[PDB]
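Okay, so here's the structure we're looking at.
In what follows, residues are counted from 1 in the order of the sequence shown. Because only heavy atoms are used, hydrogens play no part in the values below, and waters and symmetry mates are left out as well, while side chains stay in. Just so you know, ligand 1 is whichever comes first in the structure, and atom 1 is the first atom listed for that ligand.
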Amino acid sequence: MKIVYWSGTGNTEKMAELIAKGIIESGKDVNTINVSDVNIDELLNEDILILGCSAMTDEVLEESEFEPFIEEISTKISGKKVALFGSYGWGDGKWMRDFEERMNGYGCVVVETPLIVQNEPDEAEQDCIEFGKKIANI
Ligand SMILES: Cc1cc2nc3c(=O)[nH]c(=O)nc-3n(C[C@H](O)[C@H](O)[C@H](O)COP(=O)(O)O)c2cc1C
């Protein structure tokens, strides 16, 4: 499988690693890819797109890299399964609620409740691993 994410300080990156750990513990392989190194054509071949990005500016997706990436794949993902995640700091998940609505509007099937964790996982480390296990169980 594949996990594509953007992280500014490493919080979402840590979530990605843990989600990957859950998928692997379930017996499957998974590649963690920073959005800057992603290959769209290779990504679109996947049965499930696992996408992550922290809350930026005022409850939006990161603007310089992640946002453009979502825009580029937006017209080629209708009917595709996607799982969303990300770390946030002071809000309560607005950027993620919007991200979910957005992907749905592109015709994607959001397979699980998006995983959001405040700051670095820490106590939520197991929640990240379990999210990965749910995705692997699809
Ligand atoms: C410029 C900037 C704007 C932010 N905007 C939001 C926001 O609107 N809502 C929120 O809850 N957190 C916001 N945050 C906090 C980050 O989402 C949070 O620190 C998260 O843990 C960072 O994850 P990362 O290391 O993966 O980027 C913002 C952080 C920065 C640097």
| task | Considering only NZ, NE, NH1 and NH2 on the basic side and carboxylate oxygens on the acidic side, decide whether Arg97 and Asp92 come within less than 4.0 Å. | result | yes
| query | Regarding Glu63 and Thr57, is there a side-chain donor-to-acceptor distance under 3.5 Å anywhere? | reply | yes
| So which heavy atom in the protein is nearest atom 9 (N) of ligand 1, and how far is it from that ligand atom? | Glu59 OE2, 2.9 Å
| note | Taking every heavy atom of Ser54 against every heavy atom of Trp6, the minimum-distance pair comes out as OG-CZ3, 3.5 Å
| query | How does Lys94 reach ligand 1, if at all, at less than 4.0 Å between non-hydrogen atoms: by side chain, backbone, both, or neither? | reply | neither
| Any chance the side chains of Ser74 and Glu72 put a donor and an acceptor closer than 3.5 Å? | no
| field | Trace of the ring-ring contact (aromatic ring centres under 6.0 Å, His included) decision for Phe66 with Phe99 | value | CA-CA 11 Å; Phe66 202 78; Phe99 189 12; 5.8 Å; yes
| message | Below a 4.0 angstrom heavy-atom separation, can you tell me which part of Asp92, side chain or backbone, both or neither, approaches ligand 1? | response | neither
| request: Identify the protein heavy atom lying closest to atom 6 (C) of ligand 1, giving its residue, its atom name and the separation to 0.1 Å. | output: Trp90 CZ2, 3.3 Å
| field | Identity and distance of the protein heavy atom lying nearest atom 12 (N) of ligand 1 | value | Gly89 N, 3.0 Å
| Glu123 CD: over 12 foreign heavy atoms closer than 6.0 Å | no
| said: What I want to know is whether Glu13 and ligand 1 share at least one N or O pair that is separated by under 3.5 angstrom. | reply: no
| remark: Among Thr9, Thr57, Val60, the residue with a heavy atom nearest to atom 25 (O) of ligand 1 is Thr9
| Ligand-residue contact atoms, ligand 1 with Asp58, heavy atoms, under 4.0 Å | 8 (O)
| request: Inspect the contact between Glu120 and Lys14 and indicate whether a charged nitrogen and a carboxylate oxygen are less than 4.0 angstrom apart. | output: no
| Which distance, rounded to the nearest 0.5 Å, do you find between the NZ of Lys21 and the NZ of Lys133? | 7.5 Å
| message | Angle between ring planes, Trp95 versus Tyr88, binned at 30° and 60°: parallel, tilted or perpendicular? | response | tilted
| query | Tell me: protein heavy atom nearest atom 31 (C) of ligand 1, and distance? | reply | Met56 SD, 4.5 Å
| said: With heavy-atom distances below 4.0 Å as the criterion, list the atoms of ligand 1 near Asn119. | reply: 21 (O)
| query | Short N/O distance, under 3.5 Å, between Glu120 and ligand 1? | reply | no
| message | I need the nearest protein heavy-atom contact for atom 20 (C) of ligand 1: residue, atom name and distance, please. | response | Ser87 OG, 3.5 Å
| note | When distances are taken from atom 16 (C) of ligand 1, the protein heavy atom at minimum range is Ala55 O, 3.6 Å
| query | At a 4.0 Å threshold, what atoms of ligand 1 neighbour a non-hydrogen atom of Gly91? | reply | 10 (C), 11 (O)
| field | Per-atom contacts of ligand 1 with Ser54, taking only distances under 4.0 Å to non-hydrogen atoms | value | 17 (O), 22 (C), 23 (O), 24 (P), 26 (O), 27 (O)
| SB check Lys94 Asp98 (cutoff 4.0 Å) | yes
